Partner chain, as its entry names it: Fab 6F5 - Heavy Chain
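Take a look at this one chain, the form deposited without the partner chain, written out in structure tokens.
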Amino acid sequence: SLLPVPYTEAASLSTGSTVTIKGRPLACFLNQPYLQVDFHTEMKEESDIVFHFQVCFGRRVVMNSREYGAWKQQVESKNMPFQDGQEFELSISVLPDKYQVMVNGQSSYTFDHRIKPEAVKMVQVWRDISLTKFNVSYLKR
């Protein structure tokens, strides 16, 4: 639709930052479209990932980090608040101890900080979605 996918934006994060993502899957759940949000330590797409968030719509969600080029301990969830064929509003909040992922206003996943959020320099949103809004909040000291 509006914002080009894969979508990449330079970014900085700290306690109190929020990343808001509004979009829609590009296929019905039967075809298992994916959505991936990666918080990167550099603009380079092969850089390390502080928070890796991958939805296989209708199936599962995987969360992990990639440190010095290697994937670490994968966290896997079957919680699936996303609705087949529907627009979704995704909200990732940086709390002192973890990321909190709200889906359509509902707390759905958390991921404890493995690397300080201040290490993030870029956010990329990609795979099988269209994107209508992307925002990183910059209101706190």
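Numbering follows the first chain given and starts at 1.
Trainee: Look up the CA B-factors in the entry and say which stretch, 71 to 79 or 34 to 42, has the higher mean.
Mentor: Taking the mean B-factor of the alpha carbons in each, 71 to 79 is higher.
Trainee: What third of the chain does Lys116 rank in for C-alpha temperature factor, lowest, middle or highest?
Mentor: According to the entry, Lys116 has a C-alpha B-factor in the chain's middle third.
Trainee: According to the PDB entry, is the CA B factor of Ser107 in the bottom, middle or top third of its chain, that is, lowest, middle or highest?
Mentor: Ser107: CA B-factor falls in the middle third of its chain.
Trainee: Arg60: which third of its chain by C-alpha temperature factor?
Mentor: Highest third of the chain for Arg60's C-alpha B-factor.
Trainee: Within this chain, which third does the Cα B-factor at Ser91 fall in: lowest, middle or highest?
Mentor: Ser91: CA B-factor falls in the middle third of its chain.
Trainee: Which third, lowest, middle or highest, does the C-alpha temperature factor of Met122 belong to within its own chain?
Mentor: It belongs to the lowest third of the chain when residues are ordered by C-alpha B-factor.
The discussion below concerns the form deposited with the partner chain bound, not included here.
Trainee: Examine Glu87 and determine whether its closest non-hydrogen atom to the partner chain in the deposited bound form is within 4.5 angstroms.
Mentor: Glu87 lies outside the contact set for the partner chain.
Trainee: With the partner left out here, which residues of 66 to 99 have a non-hydrogen atom within 4.5 Å of the partner chain in the deposited bound form?
Mentor: In sequence order, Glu67, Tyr68, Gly69, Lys72 come within 4.5 Å of the partner.
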